$ cat structure-v6.pdb   # PDB, N, CA and C atoms
ATOM      1  N   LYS A 825      23.515  12.644  -0.007
ATOM      2  CA  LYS A 825      23.497  14.057   0.339
ATOM      3  C   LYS A 825      22.140  14.540   0.819
ATOM      4  N   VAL A 826      21.104  13.713   0.755
ATOM      5  CA  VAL A 826      19.757  14.115   1.135
ATOM      6  C   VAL A 826      19.275  13.210   2.257
ATOM      7  N   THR A 827      18.736  13.815   3.310
ATOM      8  CA  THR A 827      18.215  13.058   4.438
ATOM      9  C   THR A 827      16.743  12.735   4.237
ATOM     10  N   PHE A 855       0.192   6.649  11.173
ATOM     11  CA  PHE A 855       0.102   7.163  12.532
ATOM     12  C   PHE A 855      -1.334   7.522  12.898
ATOM     13  N   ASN A 856      -1.960   8.398  12.117
ATOM     14  CA  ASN A 856      -3.313   8.864  12.406
ATOM     15  C   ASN A 856      -4.117   9.038  11.134
ATOM     16  N   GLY A 857      -4.048   8.070  10.229
ATOM     17  CA  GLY A 857      -4.751   8.177   8.976
ATOM     18  C   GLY A 857      -3.991   8.897   7.893
ATOM     19  N   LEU A 858      -2.816   9.429   8.201
ATOM     20  CA  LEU A 858      -1.969  10.056   7.195
ATOM     21  C   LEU A 858      -1.166   8.967   6.488
ATOM     22  N   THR A 859      -1.724   8.481   5.393
ATOM     23  CA  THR A 859      -1.021   7.494   4.598
ATOM     24  C   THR A 859       0.098   8.146   3.792
ATOM     25  N   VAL A 860       1.016   7.312   3.311
ATOM     26  CA  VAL A 860       2.108   7.771   2.464
ATOM     27  C   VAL A 860       2.243   6.831   1.277
ATOM     28  N   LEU A 861       1.724   7.230   0.152
ATOM     29  CA  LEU A 861       1.737   6.315  -0.976
ATOM     30  C   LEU A 861       3.104   6.319  -1.644
ATOM     31  N   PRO A 862       3.632   5.151  -1.993
ATOM     32  CA  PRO A 862       4.934   5.108  -2.633
ATOM     33  C   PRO A 862       4.849   5.656  -4.048
ATOM     34  N   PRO A 863       5.915   6.263  -4.547
ATOM     35  CA  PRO A 863       5.895   6.748  -5.924
ATOM     36  C   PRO A 863       5.808   5.577  -6.873
ATOM     37  N   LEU A 864       5.198   5.812  -8.031
ATOM     38  CA  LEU A 864       5.029   4.720  -8.978
ATOM     39  C   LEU A 864       6.372   4.200  -9.452
ATOM     40  N   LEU A 865       7.280   5.097  -9.795
ATOM     41  CA  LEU A 865       8.567   4.693 -10.327
ATOM     42  C   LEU A 865       9.579   4.576  -9.205
ATOM     43  N   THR A 866      10.350   3.504  -9.236
ATOM     44  CA  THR A 866      11.390   3.264  -8.255
ATOM     45  C   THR A 866      12.721   3.714  -8.816
ATOM     46  N   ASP A 867      13.608   4.131  -7.921
ATOM     47  CA  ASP A 867      14.869   4.707  -8.359
ATOM     48  C   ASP A 867      15.616   3.750  -9.262
ATOM     49  N   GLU A 868      15.672   2.485  -8.876
ATOM     50  CA  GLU A 868      16.387   1.510  -9.678
ATOM     51  C   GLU A 868      15.720   1.343 -11.033
ATOM     52  N   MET A 869      14.602   2.028 -11.261
ATOM     53  CA  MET A 869      14.153   2.255 -12.626
ATOM     54  C   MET A 869      14.560   3.629 -13.129
ATOM     55  N   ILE A 870      14.408   4.658 -12.302
ATOM     56  CA  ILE A 870      14.793   5.994 -12.729
ATOM     57  C   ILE A 870      16.253   6.012 -13.119
ATOM     58  N   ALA A 871      17.082   5.316 -12.361
ATOM     59  CA  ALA A 871      18.490   5.260 -12.696
ATOM     60  C   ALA A 871      18.695   4.550 -14.021
ATOM     61  N   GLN A 872      17.630   4.021 -14.610
ATOM     62  CA  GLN A 872      17.782   3.471 -15.945
ATOM     63  C   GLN A 872      17.479   4.507 -17.012
TER      64      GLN A 872
ATOM     65  N   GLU B 583       7.558  -3.353  33.231
ATOM     66  CA  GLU B 583       8.254  -3.455  31.963
ATOM     67  C   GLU B 583       7.630  -2.447  31.015
ATOM     68  N   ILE B 584       8.336  -2.160  29.929
ATOM     69  CA  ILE B 584       7.941  -1.119  28.996
ATOM     70  C   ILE B 584       7.383  -1.781  27.747
ATOM     71  N   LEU B 585       6.152  -1.430  27.397
ATOM     72  CA  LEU B 585       5.469  -1.994  26.246
ATOM     73  C   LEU B 585       5.331  -0.928  25.178
ATOM     74  N   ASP B 586       5.715  -1.267  23.957
ATOM     75  CA  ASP B 586       5.504  -0.369  22.840
ATOM     76  C   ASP B 586       4.058  -0.458  22.378
ATOM     77  N   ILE B 587       3.502   0.681  21.985
ATOM     78  CA  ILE B 587       2.155   0.755  21.440
ATOM     79  C   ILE B 587       2.246   1.144  19.979
ATOM     80  N   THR B 588       1.550   0.404  19.131
ATOM     81  CA  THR B 588       1.419   0.769  17.743
ATOM     82  C   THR B 588      -0.056   0.860  17.394
ATOM     83  N   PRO B 589      -0.493   1.927  16.738
ATOM     84  CA  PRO B 589      -1.891   2.008  16.321
ATOM     85  C   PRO B 589      -2.220   0.900  15.339
ATOM     86  N   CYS B 590      -3.490   0.505  15.333
ATOM     87  CA  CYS B 590      -3.917  -0.642  14.546
ATOM     88  C   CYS B 590      -3.559  -0.471  13.080
ATOM     89  N   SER B 591      -2.979  -1.520  12.505
ATOM     90  CA  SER B 591      -2.617  -1.480  11.100
ATOM     91  C   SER B 591      -3.867  -1.363  10.246
ATOM     92  N   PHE B 592      -3.807  -0.488   9.255
ATOM     93  CA  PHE B 592      -4.966  -0.198   8.429
ATOM     94  C   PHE B 592      -4.451   0.455   7.159
ATOM     95  N   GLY B 593      -5.352   0.684   6.217
ATOM     96  CA  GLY B 593      -4.949   1.351   4.996
ATOM     97  C   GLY B 593      -6.111   1.482   4.043
ATOM     98  N   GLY B 594      -5.827   2.110   2.906
ATOM     99  CA  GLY B 594      -6.843   2.292   1.898
ATOM    100  C   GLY B 594      -7.090   1.033   1.097
ATOM    101  N   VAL B 595      -8.240   1.009   0.438
ATOM    102  CA  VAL B 595      -8.679  -0.137  -0.339
ATOM    103  C   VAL B 595      -8.816   0.318  -1.777
ATOM    104  N   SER B 596      -8.117  -0.350  -2.676
ATOM    105  CA  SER B 596      -8.155  -0.010  -4.083
ATOM    106  C   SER B 596      -8.626  -1.206  -4.889
ATOM    107  N   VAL B 597      -9.238  -0.927  -6.031
ATOM    108  CA  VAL B 597      -9.819  -1.957  -6.871
ATOM    109  C   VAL B 597      -9.128  -1.939  -8.223
ATOM    110  N   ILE B 598      -8.582  -3.077  -8.620
ATOM    111  CA  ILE B 598      -8.136  -3.303  -9.988
ATOM    112  C   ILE B 598      -9.375  -3.392 -10.854
ATOM    113  N   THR B 599      -9.311  -2.890 -12.066
ATOM    114  CA  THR B 599     -10.472  -3.135 -12.903
ATOM    115  C   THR B 599     -10.133  -3.105 -14.378
ATOM    116  N   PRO B 600     -10.210  -4.232 -15.075
ATOM    117  CA  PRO B 600     -10.013  -4.187 -16.526
ATOM    118  C   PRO B 600     -11.036  -3.322 -17.209
ATOM    119  N   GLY B 601     -12.250  -3.281 -16.684
ATOM    120  CA  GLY B 601     -13.296  -2.505 -17.304
ATOM    121  C   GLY B 601     -14.541  -3.313 -17.588
ATOM    122  N   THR B 602     -15.712  -2.744 -17.289
ATOM    123  CA  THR B 602     -16.958  -3.440 -17.578
ATOM    124  C   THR B 602     -17.047  -3.812 -19.046
ATOM    125  N   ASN B 603     -16.473  -2.986 -19.918
ATOM    126  CA  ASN B 603     -16.529  -3.278 -21.341
ATOM    127  C   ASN B 603     -15.800  -4.561 -21.695
ATOM    128  N   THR B 604     -14.955  -5.068 -20.808
ATOM    129  CA  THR B 604     -14.253  -6.315 -21.058
ATOM    130  C   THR B 604     -14.726  -7.442 -20.158
ATOM    131  N   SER B 605     -14.710  -7.235 -18.851
ATOM    132  CA  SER B 605     -15.142  -8.263 -17.926
ATOM    133  C   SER B 605     -15.598  -7.589 -16.646
ATOM    134  N   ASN B 606     -15.799  -8.390 -15.622
ATOM    135  CA  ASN B 606     -16.074  -7.854 -14.306
ATOM    136  C   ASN B 606     -15.220  -8.502 -13.236
ATOM    137  N   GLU B 607     -14.480  -9.552 -13.557
ATOM    138  CA  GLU B 607     -13.554 -10.104 -12.589
ATOM    139  C   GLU B 607     -12.508  -9.059 -12.252
ATOM    140  N   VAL B 608     -12.360  -8.756 -10.967
ATOM    141  CA  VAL B 608     -11.486  -7.683 -10.528
ATOM    142  C   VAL B 608     -10.574  -8.191  -9.429
ATOM    143  N   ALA B 609      -9.658  -7.327  -9.020
ATOM    144  CA  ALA B 609      -8.676  -7.662  -8.007
ATOM    145  C   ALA B 609      -8.546  -6.494  -7.048
ATOM    146  N   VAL B 610      -8.295  -6.795  -5.801
ATOM    147  CA  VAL B 610      -8.282  -5.781  -4.765
ATOM    148  C   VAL B 610      -6.850  -5.473  -4.388
ATOM    149  N   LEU B 611      -6.602  -4.217  -4.042
ATOM    150  CA  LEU B 611      -5.323  -3.789  -3.502
ATOM    151  C   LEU B 611      -5.547  -3.221  -2.113
ATOM    152  N   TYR B 612      -4.903  -3.821  -1.121
ATOM    153  CA  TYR B 612      -4.881  -3.289   0.231
ATOM    154  C   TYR B 612      -3.566  -2.568   0.448
ATOM    155  N   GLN B 613      -3.640  -1.374   1.011
ATOM    156  CA  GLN B 613      -2.503  -0.471   1.027
ATOM    157  C   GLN B 613      -1.640  -0.724   2.252
ATOM    158  N   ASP B 614      -0.351  -0.944   2.020
ATOM    159  CA  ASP B 614       0.668  -0.870   3.061
ATOM    160  C   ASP B 614       0.332  -1.756   4.254
ATOM    161  N   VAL B 615      -0.040  -2.999   3.971
ATOM    162  CA  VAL B 615      -0.206  -3.996   5.018
ATOM    163  C   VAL B 615       0.429  -5.297   4.562
ATOM    164  N   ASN B 616       1.022  -6.008   5.510
ATOM    165  CA  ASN B 616       1.470  -7.355   5.223
ATOM    166  C   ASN B 616       0.236  -8.202   4.965
ATOM    167  N   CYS B 617       0.310  -9.075   3.964
ATOM    168  CA  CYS B 617      -0.878  -9.827   3.577
ATOM    169  C   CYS B 617      -1.386 -10.727   4.691
ATOM    170  N   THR B 618      -0.533 -11.091   5.639
ATOM    171  CA  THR B 618      -0.894 -12.074   6.649
ATOM    172  C   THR B 618      -1.862 -11.490   7.668
ATOM    173  N   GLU B 619      -2.504 -10.378   7.322
ATOM    174  CA  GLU B 619      -3.296  -9.618   8.276
ATOM    175  C   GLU B 619      -4.696  -9.338   7.746
ATOM    176  N   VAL B 620      -5.291 -10.294   7.049
ATOM    177  CA  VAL B 620      -6.609 -10.075   6.476
ATOM    178  C   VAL B 620      -7.559 -11.216   6.830
TER     179      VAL B 620
END
$ encode --input "structure-v6.pdb" --output "structure tokens"
Amino acid sequence: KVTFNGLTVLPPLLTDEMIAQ
Amino acid sequence: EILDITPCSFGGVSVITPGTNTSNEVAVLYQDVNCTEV
């Protein structure tokens, strides 16, 4: 249901397949 | 022909550190790059 130039994007520490736990 | 352009792969540099109070052997983290590029 939900949808370059030095702008990094750090991944979240927790992954969903953990959150779903 | 049409060539795709991608800006040079790069990222931040992070340092693992147990702490001087324990040791000084450390480990590096390179951000969001395939390792085959160092």
$ resolve_selection --input "structure-v6.pdb" --expression "the ChimeraX specification (/B :<8) & /A" --output "ChimeraX atom specification"
/A:855-857,859
$ write_last_selection --input "structure-v6.pdb" --atoms "N, CA and C atoms" --output "PDB file, keeping the file's coordinate frame"
ATOM      1  N   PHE A 855       0.192   6.649  11.173  1.00  0.00           N
ATOM      2  CA  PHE A 855       0.102   7.163  12.532  1.00  0.00           C
ATOM      3  C   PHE A 855      -1.334   7.522  12.898  1.00  0.00           C
ATOM      4  N   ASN A 856      -1.960   8.398  12.117  1.00  0.00           N
ATOM      5  CA  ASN A 856      -3.313   8.864  12.406  1.00  0.00           C
ATOM      6  C   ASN A 856      -4.117   9.038  11.134  1.00  0.00           C
ATOM      7  N   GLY A 857      -4.048   8.070  10.229  1.00  0.00           N
ATOM      8  CA  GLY A 857      -4.751   8.177   8.976  1.00  0.00           C
ATOM      9  C   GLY A 857      -3.991   8.897   7.893  1.00  0.00           C
ATOM     10  N   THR A 859      -1.724   8.481   5.393  1.00  0.00           N
ATOM     11  CA  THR A 859      -1.021   7.494   4.598  1.00  0.00           C
ATOM     12  C   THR A 859       0.098   8.146   3.792  1.00  0.00           C
TER      13      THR A 859
END
$ atom_distance --input "structure-v6.pdb" --atom1 "atom CA of residue 862 of chain A" --atom2 "atom N of residue 620 of chain B"
20.9 Å
$ axis_aligned_box --input "structure-v6.pdb" --around "segment 600-613 of chain B" --padding-each-side "6 Å" --output "JSON"
{"center_x": -9.3, "center_y": -5.3, "center_z": -9.7, "size_x": 27.4, "size_y": 21.6, "size_z": 35.9}
$ atom_distance --input "structure-v6.pdb" --atom1 "atom C of residue 826 of chain A" --atom2 "atom N of residue 872 of chain A"
19.3 Å
$ select_by_dssp --input "structure-v6.pdb" --residues "chain A" --states "helix (DSSP H, G or I)" --output "CSV table (one decimal) with N, CA and C atoms, keeping the file's coordinate frame"
chain,number,residue,atom,x,y,z
A,867,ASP,N,13.6,4.1,-7.9
A,867,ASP,CA,14.9,4.7,-8.4
A,867,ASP,C,15.6,3.8,-9.3
A,868,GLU,N,15.7,2.5,-8.9
A,868,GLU,CA,16.4,1.5,-9.7
A,868,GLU,C,15.7,1.3,-11.0
A,869,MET,N,14.6,2.0,-11.3
A,869,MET,CA,14.2,2.3,-12.6
A,869,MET,C,14.6,3.6,-13.1
A,870,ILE,N,14.4,4.7,-12.3
A,870,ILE,CA,14.8,6.0,-12.7
A,870,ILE,C,16.3,6.0,-13.1
$ atom_distance --input "structure-v6.pdb" --atom1 "atom CA of residue 618 of chain B" --atom2 "atom CA of residue 597 of chain B"
19.1 Å
$ select_by_dssp --input "structure-v6.pdb" --residues "chain B" --states "strand (DSSP E or B)" --output "PyMOL selection string"
chain B and resi 595-598+609-612
$ resolve_selection --input "structure-v6.pdb" --expression "the PyMOL selection byres ((chain B and resi 608) around 7)" --output "PyMOL selection string"
chain B and resi 597-600+605-607+609-610
$ write_last_selection --input "structure-v6.pdb" --atoms "N, CA and C atoms" --output "short mmCIF file (atom, residue, chain, number, x, y, z; two decimals), in the coordinates of the input"
data_model
loop_
_atom_site.label_atom_id
_atom_site.label_comp_id
_atom_site.auth_asym_id
_atom_site.auth_seq_id
_atom_site.Cartn_x
_atom_site.Cartn_y
_atom_site.Cartn_z
N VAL B 597 -9.24 -0.93 -6.03
CA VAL B 597 -9.82 -1.96 -6.87
C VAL B 597 -9.13 -1.94 -8.22
N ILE B 598 -8.58 -3.08 -8.62
CA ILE B 598 -8.14 -3.30 -9.99
C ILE B 598 -9.38 -3.39 -10.85
N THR B 599 -9.31 -2.89 -12.07
CA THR B 599 -10.47 -3.14 -12.90
C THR B 599 -10.13 -3.10 -14.38
N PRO B 600 -10.21 -4.23 -15.08
CA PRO B 600 -10.01 -4.19 -16.53
C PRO B 600 -11.04 -3.32 -17.21
N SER B 605 -14.71 -7.24 -18.85
CA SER B 605 -15.14 -8.26 -17.93
C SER B 605 -15.60 -7.59 -16.65
N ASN B 606 -15.80 -8.39 -15.62
CA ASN B 606 -16.07 -7.85 -14.31
C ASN B 606 -15.22 -8.50 -13.24
N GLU B 607 -14.48 -9.55 -13.56
CA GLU B 607 -13.55 -10.10 -12.59
C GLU B 607 -12.51 -9.06 -12.25
N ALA B 609 -9.66 -7.33 -9.02
CA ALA B 609 -8.68 -7.66 -8.01
C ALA B 609 -8.55 -6.49 -7.05
N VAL B 610 -8.30 -6.80 -5.80
CA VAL B 610 -8.28 -5.78 -4.76
C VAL B 610 -6.85 -5.47 -4.39
#
